[PDB]
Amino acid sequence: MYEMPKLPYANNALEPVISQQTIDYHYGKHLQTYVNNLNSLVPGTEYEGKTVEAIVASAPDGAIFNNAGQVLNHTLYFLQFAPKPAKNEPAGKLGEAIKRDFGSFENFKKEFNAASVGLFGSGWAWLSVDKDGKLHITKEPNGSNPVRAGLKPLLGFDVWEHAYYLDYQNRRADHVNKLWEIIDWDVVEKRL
């Protein structure tokens, strides 16, 4: 019932920022496994027939949450990138909210990089919006996603080692610095 999300670009199209090798493993093996696992774990449970978002919003810690969170996180992650983005910062309401909540986009980038690099272990740095329009940076452990806390996820950096280890090894910060160049802000803006 859960299917792989189609990439809007070729597996090597994010080069030189993310290698084809990383996309091949990260999308083709890790995300495939999360989808496979979710399909294996939901039969016989009331989570069968639920969207990944509904599961992430409701399930306690466990294998189903872990895999549904990872399916949601990776879907949002791969689909927020483009080979050659038209713009390299957000405009519109998101641009305005970033100014309001972080002072400037440049300062948001600093804070978001810091959260990404500071997360100990596996997880995700997320920029989300709450139901009243305020932005939040969160460190989501392991497979967690801000939907659990009732936030709407906008931009997610995967800092599981598999996201970067083939390209950057231990140098997480060097990886995170490069991601800005491939963010499709048109997609991110429309998550508000």
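All residue numbers are counted from 1 along the displayed sequence.
Looking at mean Cα B-factors across 85 to 93 and 117 to 125, the upper value is held by 85 to 93.
94 to 102 and 69 to 77 differ in mean CA B-factor, and the higher of the two is recorded for 94 to 102. Per the deposited coordinates, the residue with the largest Cα temperature factor out of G156, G28, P146, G49 is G49. In this PDB entry, the Cα temperature factor of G44 sits in the top third of its chain's modelled residues, the highest group.
In this PDB entry, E161 carries a Cα temperature factor that places it within the lowest third of its chain's modelled residues. Placement of the Cα temperature factor of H136 within the chain: middle third of the modelled residues, per the deposited record. For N142, the recorded CA temperature factor ranks within the lowest third of the chain's modelled residues.
Ranked within its chain, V176 lands in the middle third, by CA B factor from the PDB record.
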